[PDB]
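S.K.: Sharing a structure with you now.
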Amino acid sequence: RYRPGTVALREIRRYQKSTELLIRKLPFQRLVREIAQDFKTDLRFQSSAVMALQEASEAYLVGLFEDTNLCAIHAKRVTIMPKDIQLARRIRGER
Amino acid sequence: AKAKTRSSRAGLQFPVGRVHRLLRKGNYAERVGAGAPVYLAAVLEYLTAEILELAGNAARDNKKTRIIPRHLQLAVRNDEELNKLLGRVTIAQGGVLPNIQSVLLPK
Amino acid sequence: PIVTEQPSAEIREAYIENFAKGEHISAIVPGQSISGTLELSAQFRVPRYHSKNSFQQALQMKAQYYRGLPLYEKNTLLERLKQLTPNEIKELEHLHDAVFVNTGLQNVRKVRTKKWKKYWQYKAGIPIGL
Amino acid sequence: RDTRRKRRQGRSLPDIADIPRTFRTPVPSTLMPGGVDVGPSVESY
Amino acid sequence: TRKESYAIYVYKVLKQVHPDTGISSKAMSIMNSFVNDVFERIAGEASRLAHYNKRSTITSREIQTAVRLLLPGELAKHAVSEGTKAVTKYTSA
Amino acid sequence: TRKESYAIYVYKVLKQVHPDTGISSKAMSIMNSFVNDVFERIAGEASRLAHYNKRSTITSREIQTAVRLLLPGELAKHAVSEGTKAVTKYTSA
Amino acid sequence: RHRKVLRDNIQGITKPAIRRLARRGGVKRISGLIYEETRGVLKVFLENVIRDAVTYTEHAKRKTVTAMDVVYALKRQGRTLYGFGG
Amino acid sequence: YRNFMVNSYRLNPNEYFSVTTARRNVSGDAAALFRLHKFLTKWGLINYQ
DNA sequence: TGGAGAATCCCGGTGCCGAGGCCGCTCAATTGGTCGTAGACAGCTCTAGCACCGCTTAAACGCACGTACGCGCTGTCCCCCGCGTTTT
DNA sequence: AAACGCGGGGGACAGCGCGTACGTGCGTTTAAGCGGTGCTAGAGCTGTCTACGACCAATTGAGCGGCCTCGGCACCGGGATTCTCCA
């Protein structure tokens, strides 16, 4: 068959050619009930508060993966490693 | 009548009617519920004690009875929750905690 | 199906090989036991022989075995419950609950002894039931 | 930081609300319930 | 020209807390800045809550809500209690 | 309940500016989410300035300073124009 | 009499979802060290909002969740987002 | 206590019957159980094989 | 440097629900009078920023140089993904 | 979809080379900064002052919620195109 590595970038085209989220949604709503029910239960769960955070999550994560490869290619790797991620989050101030 | 300051009613040093006066001054609400200034002056004196604690700690750790902003740096920035809460607050004449990067240390 | 240990004979050894170093592992390991849960209060409850207001209205007006109790006849028990007072209804509820919990503990105790007698034979090299 | 405030209002003890549980690391014992079955076996091989 | 500051009050909590350590006026000024700093932080947060629910009576319940929100960890729960503490000393008095 | 909605006025600006193009109500909700948010950003900044001048007045000079300090480049300077100019139109009408 | 409480759908958020988003975030060879190194860090994002946002709910005397307090918390964190009124 | 320790060793004599399992399975102070276990293993009778 | 094929972009037919306007009906936004007062703005003063040089002198700078590390170059192995899978 | 695998080949990684750089030392000033002036400037303090939108009375149409479309753009069928991987 093929080698390790090749078909990444058109994904990096297509995902960023497109506008949507890249995540399972019944795990998303169940994760929202999961995390908001952990603090105070008995919440009647409007889907507004459910979907209102996914842009705040996934896009920032996407921005983090660019910083990840920024530290990876600054350290000259594309097999990205969490040393790159946490050095980024350090210089992001997360870590 | 007289200025018989409202901190003595609360066991405080921060006059809670100066605090109620400031809350009426700060446009926070129309009615300033008269425990909101006591909540304020009480959290105030709690944090004053919080920081004067570590301040005298670091000052006498530097064998000085005078608390200086360098001592304020070395006491506050050593804390997790304080410096986590005050990551963007700078202390003039506070300087640095003494620490070197590990691999820049010679071998 | 009579024990509840970790039945893999290579994760128990790797657990102790890292436990002497002082390290956790990936999989979990419990102590050995038998199976079975003694689940009370998700079972027979204290019954509700009183109504929703049969005590405060009584306060105003100033008032063979199935599980552990034998089934009474229709006519003999009816005059018996035409005798009693709501000062003794709270006694009767707890008496019948004390019978129910005792039977539900007796049978589970018998099953538990039947399980432990096969646990001790299995852990001593005897196959079963000898 | 709880004790940091016991001194301020004390200027002017066991916690009975935290009741701990009893989990135990299992002893390496063959026969006894509650212990892992590492070591020498029941059969003598 | 007696102008109300917090220098003798930070002195009061100093000799309440570290009487063994006197202060520099620089640290005193840092704290006098800090007093009005968080006095504005929490109370602007409280006015933010007073506009979240459109309220015009900010009570200590609302400062409790602000202390609940803004402060990390024990800094909340202590200022929950301590901010109630003298409240219970003043609602008594 | 007359709730001050910002679909029609922003849409008046759209029929002024990009009138060939409509606007999705998701995008129109982005605009409606933009409106009072921006209306209070510089407003809180400006009341802070009103106490930096320690004033109980606020004039368009204060909004001018809110434009002056903050906005990047000609986004300031056109709003130095525009913020004054329609003021200059309102002082003309 | 049924208690609906969920926990860790962040694995129901799949590792193929990471093979999606890492490409959306510009990663080529996502090493195996990465996929769950992600799934913890975002969860640090997850509770911290609602830890404050549930804090909005009870002073508001409520037993529901609105996106209004989501916006209160996000703008309170400096995570301003449009599409929701303001 | 003595019959418990001796009966519990003789089910599997290849295993060292430790003090900690005897302490965890009968109720008593650790000093007296440790002294009784060390006396018992001093005279053979337990952990002899 | 080239075709086979797999992915993409583009183009034709469908239809729809959302974008936008329509129809009251206020209600808020305005105009219309204060209203002292806020800051408008005059005076006063005095100070507090002002350069400036005398001069030092150690800091900065002037340079010899020495080698350390950062990259030059390699092989690898590994390792992670791609193709195929299905189920979930 | 997930999910489970699975060649598979090159990407990480080690590691060795190499050579230079960047400190280091020390010679060389040198401008740093200090004092020390002389002064004056706008800050600062007062000194009145009025206008200004406050505020509230009246009003009124604004503008937007509820009520009318029908059409921009999505969806899909089919084909053209266009990038990529093994010749």
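By convention in this document, the chains of the structure tokens carry letters A, B, ... by their order, each chain's residues are numbered from 1, and ligands are numbered from 1 in the order they are shown.
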Let's have chain F fitted on chain E; use all the C-alpha atoms paired in order for the least-squares step and return it as a short mmCIF file (atom, residue, chain, number, x, y, z; two decimals) with N, CA and C atoms, in the first residue's frame.

M.R.:
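Produced file out_34.cif, reproduced below:
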data_model
loop_
_atom_site.label_atom_id
_atom_site.label_comp_id
_atom_site.auth_asym_id
_atom_site.auth_seq_id
_atom_site.Cartn_x
_atom_site.Cartn_y
_atom_site.Cartn_z
N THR F 1 -6.59 69.03 53.86
CA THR F 1 -7.35 68.12 52.99
C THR F 1 -7.22 66.71 53.52
N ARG F 2 -8.29 66.17 54.09
CA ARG F 2 -8.28 64.81 54.62
C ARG F 2 -8.38 63.84 53.46
N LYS F 3 -7.23 63.38 52.98
CA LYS F 3 -7.18 62.42 51.89
C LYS F 3 -7.11 61.04 52.52
N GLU F 4 -8.08 60.20 52.18
CA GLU F 4 -8.27 58.91 52.84
C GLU F 4 -7.06 58.03 52.55
N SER F 5 -6.12 58.01 53.48
CA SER F 5 -4.85 57.32 53.30
C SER F 5 -4.97 55.94 53.91
N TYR F 6 -4.24 55.00 53.32
CA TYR F 6 -4.35 53.61 53.75
C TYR F 6 -3.08 53.12 54.41
N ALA F 7 -2.26 54.03 54.92
CA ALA F 7 -1.08 53.62 55.67
C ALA F 7 -1.46 53.07 57.04
N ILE F 8 -2.39 53.75 57.72
CA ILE F 8 -2.64 53.44 59.12
C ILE F 8 -3.48 52.18 59.27
N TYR F 9 -4.46 51.96 58.40
CA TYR F 9 -5.32 50.78 58.58
C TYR F 9 -4.61 49.50 58.18
N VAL F 10 -3.91 49.53 57.04
CA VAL F 10 -3.06 48.41 56.65
C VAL F 10 -1.98 48.20 57.69
N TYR F 11 -1.50 49.28 58.30
CA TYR F 11 -0.53 49.13 59.36
C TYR F 11 -1.15 48.61 60.65
N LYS F 12 -2.43 48.86 60.88
CA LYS F 12 -3.15 48.21 61.96
C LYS F 12 -3.23 46.72 61.72
N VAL F 13 -3.48 46.33 60.46
CA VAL F 13 -3.46 44.92 60.11
C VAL F 13 -2.05 44.34 60.23
N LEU F 14 -1.02 45.16 60.00
CA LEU F 14 0.35 44.68 60.17
C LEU F 14 0.68 44.49 61.64
N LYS F 15 0.28 45.43 62.49
CA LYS F 15 0.46 45.25 63.92
C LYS F 15 -0.46 44.19 64.50
N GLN F 16 -1.49 43.78 63.76
CA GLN F 16 -2.24 42.59 64.11
C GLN F 16 -1.51 41.32 63.69
N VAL F 17 -0.86 41.33 62.53
CA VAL F 17 -0.52 40.11 61.80
C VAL F 17 0.99 39.86 61.78
N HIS F 18 1.77 40.79 61.25
CA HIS F 18 3.21 40.61 61.36
C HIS F 18 3.81 41.79 62.11
N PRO F 19 3.51 41.93 63.41
CA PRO F 19 3.82 43.19 64.11
C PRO F 19 5.29 43.38 64.41
N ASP F 20 6.07 42.31 64.40
CA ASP F 20 7.52 42.42 64.52
C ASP F 20 8.11 43.17 63.34
N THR F 21 7.52 43.00 62.16
CA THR F 21 8.04 43.56 60.94
C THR F 21 7.33 44.86 60.63
N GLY F 22 8.11 45.90 60.37
CA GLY F 22 7.55 47.14 59.88
C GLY F 22 7.21 47.05 58.41
N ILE F 23 7.12 48.21 57.76
CA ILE F 23 6.83 48.23 56.33
C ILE F 23 7.46 49.48 55.71
N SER F 24 8.24 49.30 54.65
CA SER F 24 8.79 50.46 53.96
C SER F 24 7.68 51.23 53.26
N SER F 25 7.89 52.53 53.11
CA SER F 25 6.87 53.36 52.48
C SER F 25 6.82 53.14 50.98
N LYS F 26 7.86 52.54 50.41
CA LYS F 26 7.71 51.97 49.08
C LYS F 26 6.74 50.79 49.13
N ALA F 27 6.93 49.88 50.08
CA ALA F 27 5.99 48.79 50.27
C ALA F 27 4.64 49.29 50.75
N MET F 28 4.63 50.31 51.62
CA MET F 28 3.37 50.90 52.07
C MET F 28 2.67 51.60 50.92
N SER F 29 3.44 52.13 49.98
CA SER F 29 2.84 52.68 48.77
C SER F 29 2.32 51.58 47.86
N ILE F 30 2.93 50.40 47.89
CA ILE F 30 2.36 49.26 47.17
C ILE F 30 1.00 48.90 47.75
N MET F 31 0.90 48.92 49.08
CA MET F 31 -0.38 48.66 49.72
C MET F 31 -1.40 49.76 49.42
N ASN F 32 -0.96 51.01 49.49
CA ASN F 32 -1.84 52.13 49.21
C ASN F 32 -2.25 52.15 47.74
N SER F 33 -1.41 51.59 46.87
CA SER F 33 -1.78 51.40 45.47
C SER F 33 -2.68 50.20 45.29
N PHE F 34 -2.64 49.28 46.24
CA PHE F 34 -3.46 48.10 46.15
C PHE F 34 -4.90 48.40 46.51
N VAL F 35 -5.12 49.33 47.45
CA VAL F 35 -6.39 49.43 48.18
C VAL F 35 -7.60 49.73 47.30
N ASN F 36 -7.67 50.91 46.70
CA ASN F 36 -8.87 51.25 45.95
C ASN F 36 -8.90 50.59 44.60
N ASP F 37 -7.73 50.17 44.11
CA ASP F 37 -7.63 49.33 42.94
C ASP F 37 -8.44 48.05 43.13
N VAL F 38 -8.20 47.36 44.24
CA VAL F 38 -8.95 46.14 44.51
C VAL F 38 -10.38 46.47 44.88
N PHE F 39 -10.58 47.61 45.54
CA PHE F 39 -11.91 48.06 45.92
C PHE F 39 -12.79 48.32 44.70
N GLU F 40 -12.20 48.61 43.55
CA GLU F 40 -13.01 48.83 42.36
C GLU F 40 -13.02 47.67 41.37
N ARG F 41 -12.05 46.74 41.43
CA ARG F 41 -12.07 45.55 40.57
C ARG F 41 -13.37 44.77 40.72
N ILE F 42 -13.59 44.25 41.92
CA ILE F 42 -14.77 43.47 42.21
C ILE F 42 -16.01 44.36 42.21
N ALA F 43 -15.83 45.67 42.41
CA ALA F 43 -16.96 46.58 42.36
C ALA F 43 -17.52 46.74 40.96
N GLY F 44 -16.66 46.88 39.96
CA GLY F 44 -17.13 46.92 38.59
C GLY F 44 -17.71 45.59 38.16
N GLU F 45 -17.05 44.49 38.57
CA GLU F 45 -17.60 43.15 38.36
C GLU F 45 -18.98 43.00 39.00
N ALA F 46 -19.16 43.60 40.17
CA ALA F 46 -20.39 43.43 40.92
C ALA F 46 -21.51 44.29 40.37
N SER F 47 -21.19 45.48 39.86
CA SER F 47 -22.23 46.27 39.22
C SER F 47 -22.66 45.64 37.90
N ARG F 48 -21.71 44.98 37.22
CA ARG F 48 -22.07 44.15 36.08
C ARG F 48 -23.02 43.03 36.49
N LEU F 49 -22.75 42.40 37.63
CA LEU F 49 -23.68 41.40 38.16
C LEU F 49 -25.01 42.03 38.57
N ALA F 50 -24.97 43.27 39.06
CA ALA F 50 -26.18 43.97 39.47
C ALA F 50 -27.07 44.24 38.28
N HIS F 51 -26.48 44.40 37.11
CA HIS F 51 -27.28 44.41 35.91
C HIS F 51 -27.46 43.02 35.30
N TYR F 52 -26.73 42.02 35.77
CA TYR F 52 -27.05 40.66 35.37
C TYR F 52 -28.28 40.17 36.11
N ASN F 53 -28.45 40.63 37.34
CA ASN F 53 -29.72 40.52 38.05
C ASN F 53 -30.66 41.67 37.71
N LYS F 54 -30.18 42.64 36.93
CA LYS F 54 -30.91 43.85 36.55
C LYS F 54 -31.42 44.61 37.77
N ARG F 55 -30.61 44.68 38.81
CA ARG F 55 -31.02 45.20 40.10
C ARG F 55 -30.41 46.57 40.38
N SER F 56 -31.21 47.41 41.02
CA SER F 56 -30.75 48.64 41.65
C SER F 56 -30.43 48.42 43.12
N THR F 57 -30.57 47.20 43.62
CA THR F 57 -29.99 46.86 44.91
C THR F 57 -28.68 46.12 44.69
N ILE F 58 -27.80 46.21 45.68
CA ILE F 58 -26.68 45.29 45.83
C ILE F 58 -26.62 44.92 47.30
N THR F 59 -26.68 43.62 47.58
CA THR F 59 -26.47 43.13 48.92
C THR F 59 -25.12 42.46 49.02
N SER F 60 -24.83 41.91 50.20
CA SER F 60 -23.59 41.18 50.40
C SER F 60 -23.60 39.85 49.66
N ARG F 61 -24.78 39.38 49.24
CA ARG F 61 -24.88 38.23 48.34
C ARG F 61 -24.21 38.52 47.01
N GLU F 62 -24.26 39.77 46.59
CA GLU F 62 -23.65 40.13 45.32
C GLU F 62 -22.14 40.14 45.45
N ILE F 63 -21.63 40.62 46.58
CA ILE F 63 -20.20 40.52 46.85
C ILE F 63 -19.82 39.08 47.09
N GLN F 64 -20.76 38.30 47.61
CA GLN F 64 -20.54 36.88 47.80
C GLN F 64 -20.36 36.20 46.46
N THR F 65 -21.15 36.58 45.47
CA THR F 65 -20.98 36.04 44.13
C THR F 65 -19.70 36.54 43.49
N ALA F 66 -19.34 37.78 43.77
CA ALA F 66 -18.06 38.32 43.33
C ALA F 66 -16.89 37.55 43.95
N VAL F 67 -17.08 37.03 45.16
CA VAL F 67 -16.12 36.11 45.75
C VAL F 67 -16.24 34.72 45.12
N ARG F 68 -17.48 34.31 44.83
CA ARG F 68 -17.80 32.94 44.44
C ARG F 68 -17.25 32.61 43.06
N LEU F 69 -17.47 33.49 42.10
CA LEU F 69 -17.01 33.24 40.74
C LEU F 69 -15.49 33.27 40.66
N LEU F 70 -14.87 34.21 41.36
CA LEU F 70 -13.57 34.70 40.93
C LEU F 70 -12.39 34.13 41.72
N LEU F 71 -12.54 33.95 43.03
CA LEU F 71 -11.26 33.85 43.73
C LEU F 71 -10.77 32.40 43.77
N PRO F 72 -9.45 32.18 43.69
CA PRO F 72 -8.94 30.81 43.57
C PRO F 72 -9.03 30.02 44.86
N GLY F 73 -9.88 29.00 44.86
CA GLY F 73 -9.92 28.03 45.94
C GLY F 73 -10.42 28.62 47.24
N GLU F 74 -9.68 28.34 48.31
CA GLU F 74 -10.08 28.76 49.65
C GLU F 74 -9.93 30.25 49.86
N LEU F 75 -9.16 30.93 49.01
CA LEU F 75 -9.17 32.38 48.97
C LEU F 75 -10.57 32.90 48.68
N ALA F 76 -11.32 32.17 47.86
CA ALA F 76 -12.77 32.35 47.81
C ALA F 76 -13.41 31.92 49.11
N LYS F 77 -13.15 30.67 49.53
CA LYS F 77 -13.99 30.04 50.54
C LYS F 77 -13.80 30.66 51.91
N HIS F 78 -12.56 31.01 52.27
CA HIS F 78 -12.37 31.81 53.47
C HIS F 78 -13.03 33.17 53.33
N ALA F 79 -12.91 33.82 52.17
CA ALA F 79 -13.68 35.03 51.95
C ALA F 79 -15.16 34.75 51.76
N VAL F 80 -15.54 33.51 51.43
CA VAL F 80 -16.94 33.11 51.58
C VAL F 80 -17.31 33.12 53.06
N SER F 81 -16.42 32.58 53.89
CA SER F 81 -16.56 32.74 55.33
C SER F 81 -16.42 34.20 55.73
N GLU F 82 -15.22 34.76 55.54
CA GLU F 82 -14.82 36.05 56.11
C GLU F 82 -15.69 37.18 55.64
N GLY F 83 -15.92 37.25 54.32
CA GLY F 83 -16.81 38.24 53.76
C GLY F 83 -18.20 38.15 54.34
N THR F 84 -18.68 36.94 54.58
CA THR F 84 -19.92 36.80 55.33
C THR F 84 -19.72 36.97 56.83
N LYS F 85 -18.58 36.50 57.37
CA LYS F 85 -18.44 36.36 58.82
C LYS F 85 -18.40 37.70 59.52
N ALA F 86 -17.60 38.63 59.00
CA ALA F 86 -17.66 39.98 59.52
C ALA F 86 -18.98 40.64 59.17
N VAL F 87 -19.59 40.26 58.04
CA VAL F 87 -21.01 40.57 57.82
C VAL F 87 -21.84 39.96 58.93
N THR F 88 -21.55 38.70 59.26
CA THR F 88 -22.14 38.06 60.43
C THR F 88 -21.69 38.75 61.72
N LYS F 89 -20.52 39.38 61.72
CA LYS F 89 -20.20 40.22 62.87
C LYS F 89 -20.92 41.55 62.78
N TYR F 90 -21.08 42.09 61.57
CA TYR F 90 -21.80 43.35 61.43
C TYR F 90 -23.30 43.16 61.53
N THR F 91 -23.82 42.01 61.11
CA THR F 91 -25.21 41.75 61.43
C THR F 91 -25.40 41.41 62.90
N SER F 92 -24.31 41.12 63.62
CA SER F 92 -24.33 41.09 65.07
C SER F 92 -23.96 42.43 65.70
N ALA F 93 -23.35 43.34 64.94
CA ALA F 93 -22.99 44.65 65.46
C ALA F 93 -22.93 45.70 64.36
#

S.K.: Counting only C-alpha atoms (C1' of nucleotides), a student should be able to say which residues of chain J come within 10 Å of chain G; what is the right answer, written as a list in words?

M.R.: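 Listing them in order of chain and number gives residues 1, 2, 3 and 11 of chain J.
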
S.K.: How would the residues just chosen look if you wrote them out with C-alpha atoms (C1' of nucleotides) as a short mmCIF file (atom, residue, chain, number, x, y, z; two decimals), in the first residue's frame?

M.R.:
data_model
loop_
_atom_site.label_atom_id
_atom_site.label_comp_id
_atom_site.auth_asym_id
_atom_site.auth_seq_id
_atom_site.Cartn_x
_atom_site.Cartn_y
_atom_site.Cartn_z
"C1'" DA J 1 -18.17 5.84 11.90
"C1'" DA J 2 -15.24 3.89 13.95
"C1'" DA J 3 -12.42 1.27 14.41
"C1'" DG J 11 11.57 10.71 9.93
#

S.K.: Enumerate, as a PyMOL selection string, the complete set of residues in chain F that a backbone-based DSSP assignment places in helix (DSSP H, G or I).

M.R.: chain F and resi 7-17+25-52+60-70+74-90

S.K.: At a cut-off of 12 Å, which residues of chain B touch chain F? Count only C-alpha atoms and give the answer as a PyMOL selection string.

M.R.: chain B and resi 25-27

S.K.: Could you write out that same residue set with N, CA, C and O atoms as an mmCIF file, in the first residue's frame?

M.R.:
data_model
loop_
_atom_site.group_PDB
_atom_site.id
_atom_site.type_symbol
_atom_site.label_atom_id
_atom_site.label_comp_id
_atom_site.auth_asym_id
_atom_site.auth_seq_id
_atom_site.Cartn_x
_atom_site.Cartn_y
_atom_site.Cartn_z
ATOM 1 N N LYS B 25 -20.490 55.768 46.087
ATOM 2 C CA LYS B 25 -19.713 56.566 45.153
ATOM 3 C C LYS B 25 -19.372 55.836 43.868
ATOM 4 O O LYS B 25 -19.194 56.489 42.834
ATOM 5 N N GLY B 26 -19.265 54.518 43.898
ATOM 6 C CA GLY B 26 -18.730 53.824 42.755
ATOM 7 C C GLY B 26 -19.728 53.416 41.694
ATOM 8 O O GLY B 26 -19.322 52.755 40.732
ATOM 9 N N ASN B 27 -21.002 53.802 41.846
ATOM 10 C CA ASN B 27 -22.093 53.501 40.905
ATOM 11 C C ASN B 27 -22.277 51.999 40.702
ATOM 12 O O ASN B 27 -22.566 51.536 39.596
#

S.K.: With a distance cut-off of 10 Å and only C-alpha atoms (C1' of nucleotides), select the neighbouring residues of residue 61 in chain B, excluding the residue or stretch itself and same-chain residues fewer than 4 positions from it, and output the selection as a ChimeraX atom specification.

M.R.: /B:55-57,65,71,75

S.K.: Suppose you want the space between CA of residue 48 in chain B and CA of residue 74 in chain B; what is it in Å?

M.R.: 17.0 Å

S.K.: Quick one: which chain C residues come within 10 Å of chain H, and what is the nearest atom pair for each with the distance in Å to one decimal, counting only C-alpha atoms, rows ordered by chain and ascending number, as a Markdown table?

M.R.:
| residue | atom | partner | partner_atom | distance |
| --- | --- | --- | --- | --- |
| C:120 | CA | H:11 | CA | 9.3 |
| C:121 | CA | H:11 | CA | 9.8 |
| C:123 | CA | H:11 | CA | 8.4 |
| C:124 | CA | H:11 | CA | 5.9 |
| C:125 | CA | H:12 | CA | 8.8 |

S.K.: Give me a file of those residues, with N, CA and C atoms, as a PDB file, in the first residue's frame.

M.R.:
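In the end it all went to selection_23.pdb:
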ATOM      1  N   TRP C 120     -13.181 -21.824  50.008  1.00  0.00           N
ATOM      2  CA  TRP C 120     -12.080 -22.378  50.794  1.00  0.00           C
ATOM      3  C   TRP C 120     -11.574 -23.695  50.223  1.00  0.00           C
ATOM      4  N   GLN C 121     -12.444 -24.463  49.567  1.00  0.00           N
ATOM      5  CA  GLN C 121     -11.984 -25.670  48.894  1.00  0.00           C
ATOM      6  C   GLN C 121     -11.177 -25.331  47.652  1.00  0.00           C
ATOM      7  N   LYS C 123      -9.380 -22.582  47.091  1.00  0.00           N
ATOM      8  CA  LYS C 123      -8.094 -21.985  47.421  1.00  0.00           C
ATOM      9  C   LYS C 123      -7.141 -22.938  48.129  1.00  0.00           C
ATOM     10  N   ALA C 124      -7.523 -24.198  48.334  1.00  0.00           N
ATOM     11  CA  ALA C 124      -6.683 -25.152  49.046  1.00  0.00           C
ATOM     12  C   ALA C 124      -6.308 -26.363  48.201  1.00  0.00           C
ATOM     13  N   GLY C 125      -6.515 -26.311  46.887  1.00  0.00           N
ATOM     14  CA  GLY C 125      -6.131 -27.393  46.009  1.00  0.00           C
ATOM     15  C   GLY C 125      -7.195 -28.442  45.759  1.00  0.00           C
TER      16      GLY C 125
END

S.K.: Using the chain letters and numbers from this document, which residues of range 14-90 of chain B does DSSP assign to strand (DSSP E), as an NGL selection string?

M.R.: :B and (31-32 or 66-67)

S.K.: Deliver the residues from the most recent selection as a file, using N, CA and C atoms, as a PDB file, in the first residue's frame.

M.R.:
ATOM      1  N   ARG B  31     -29.343  51.068  45.575  1.00  0.00           N
ATOM      2  CA  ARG B  31     -29.223  50.761  46.982  1.00  0.00           C
ATOM      3  C   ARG B  31     -27.934  49.984  47.164  1.00  0.00           C
ATOM      4  N   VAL B  32     -27.109  50.427  48.093  1.00  0.00           N
ATOM      5  CA  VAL B  32     -25.959  49.646  48.512  1.00  0.00           C
ATOM      6  C   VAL B  32     -26.383  48.955  49.789  1.00  0.00           C
ATOM      7  N   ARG B  66      11.951  45.667  57.874  1.00  0.00           N
ATOM      8  CA  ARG B  66      11.233  46.563  56.981  1.00  0.00           C
ATOM      9  C   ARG B  66      10.811  45.784  55.741  1.00  0.00           C
ATOM     10  N   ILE B  67       9.501  45.714  55.512  1.00  0.00           N
ATOM     11  CA  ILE B  67       8.950  44.979  54.376  1.00  0.00           C
ATOM     12  C   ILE B  67       9.115  45.818  53.116  1.00  0.00           C
TER      13      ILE B  67
END

S.K.: Can you tell me, as a list in words, what residues are no more than 9 Å from range 27-36 of chain J when counting only C-alpha atoms (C1' of nucleotides), ignoring any on the same chain fewer than 2 positions away?

M.R.: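 The filter keeps residues 53, 54, 55, 56, 57, 58, 59, 60, 61, 62 and 63 of chain I.
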
S.K.: For the selection just defined, write its residues with N, CA, C and O atoms (P, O5', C5', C4', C3', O3' and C1' of nucleotides) to a file, as a compact mmCIF listing (two decimals), in the first residue's frame.

M.R.:
# COMPACT_ATOMS: atom_id res chain seq x y z
P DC I 53 27.14 72.55 29.01
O5' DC I 53 28.48 73.08 29.67
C5' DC I 53 28.42 74.09 30.67
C4' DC I 53 28.76 73.54 32.04
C3' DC I 53 30.03 72.69 32.12
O3' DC I 53 30.71 72.96 33.34
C1' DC I 53 28.27 71.51 33.02
P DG I 54 32.31 72.94 33.38
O5' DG I 54 32.71 73.23 34.91
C5' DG I 54 32.00 72.60 35.98
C4' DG I 54 32.96 71.92 36.96
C3' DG I 54 34.24 71.37 36.37
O3' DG I 54 35.10 71.02 37.44
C1' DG I 54 32.68 69.64 36.68
P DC I 55 36.49 70.26 37.19
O5' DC I 55 36.12 68.71 37.26
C5' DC I 55 35.57 68.16 38.45
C4' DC I 55 35.25 66.69 38.26
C3' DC I 55 36.22 65.90 37.36
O3' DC I 55 36.37 64.64 37.89
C1' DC I 55 34.07 65.57 36.63
P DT I 56 37.83 63.99 38.02
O5' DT I 56 37.62 62.93 39.17
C5' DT I 56 36.38 62.88 39.82
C4' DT I 56 35.66 61.61 39.50
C3' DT I 56 36.54 60.51 38.97
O3' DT I 56 36.13 59.37 39.53
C1' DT I 56 34.80 60.91 37.46
P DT I 57 37.17 58.32 40.13
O5' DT I 57 36.22 57.06 40.27
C5' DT I 57 34.92 57.14 39.68
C4' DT I 57 34.93 56.51 38.31
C3' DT I 57 36.10 55.54 38.09
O3' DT I 57 35.62 54.28 37.85
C1' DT I 57 35.70 56.87 36.23
P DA I 58 35.73 53.18 39.00
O5' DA I 58 34.22 52.70 39.24
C5' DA I 58 33.14 53.33 38.53
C4' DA I 58 32.86 52.60 37.23
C3' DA I 58 33.27 51.14 37.25
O3' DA I 58 32.09 50.26 37.34
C1' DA I 58 34.14 52.27 35.29
P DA I 59 31.23 49.74 36.07
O5' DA I 59 31.18 50.97 35.06
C5' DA I 59 29.98 51.69 34.81
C4' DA I 59 29.77 51.78 33.32
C3' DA I 59 29.30 50.47 32.69
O3' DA I 59 28.25 50.73 31.73
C1' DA I 59 31.48 51.08 31.84
P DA I 60 27.78 49.67 30.60
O5' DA I 60 28.45 50.26 29.30
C5' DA I 60 28.79 51.65 29.27
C4' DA I 60 29.81 51.91 28.21
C3' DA I 60 29.63 51.04 26.98
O3' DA I 60 29.76 51.84 25.85
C1' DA I 60 31.80 50.75 27.89
P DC I 61 29.51 51.27 24.38
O5' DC I 61 30.95 51.38 23.74
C5' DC I 61 31.92 52.22 24.36
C4' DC I 61 33.31 51.69 24.14
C3' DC I 61 33.52 50.83 22.88
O3' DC I 61 34.80 51.11 22.44
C1' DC I 61 34.33 49.72 24.65
P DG I 62 35.28 50.79 20.95
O5' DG I 62 36.86 51.03 21.04
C5' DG I 62 37.61 50.50 22.14
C4' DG I 62 38.86 49.83 21.62
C3' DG I 62 38.73 49.27 20.22
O3' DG I 62 40.01 49.03 19.67
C1' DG I 62 38.59 47.52 21.79
P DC I 63 40.19 48.22 18.29
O5' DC I 63 40.53 46.75 18.78
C5' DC I 63 41.81 46.46 19.25
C4' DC I 63 41.85 45.08 19.84
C3' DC I 63 41.68 43.94 18.83
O3' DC I 63 42.52 42.88 19.20
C1' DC I 63 40.23 43.65 20.52

S.K.: At a cut-off of 10 Å, using only C-alpha atoms (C1' of nucleotides), what residues contact range 47-58 of chain C? Leave out same-chain residues fewer than 6 positions from it and give the result as a ChimeraX atom specification.

M.R.: /C:85-87,89-90,92-94,96-97,100

S.K.: Give me, as a VMD selection string, the residues of chain B touching chain A, with the criterion being at most 12 Å (counting only C-alpha atoms).

M.R.: chain B and resid 84 87 to 88
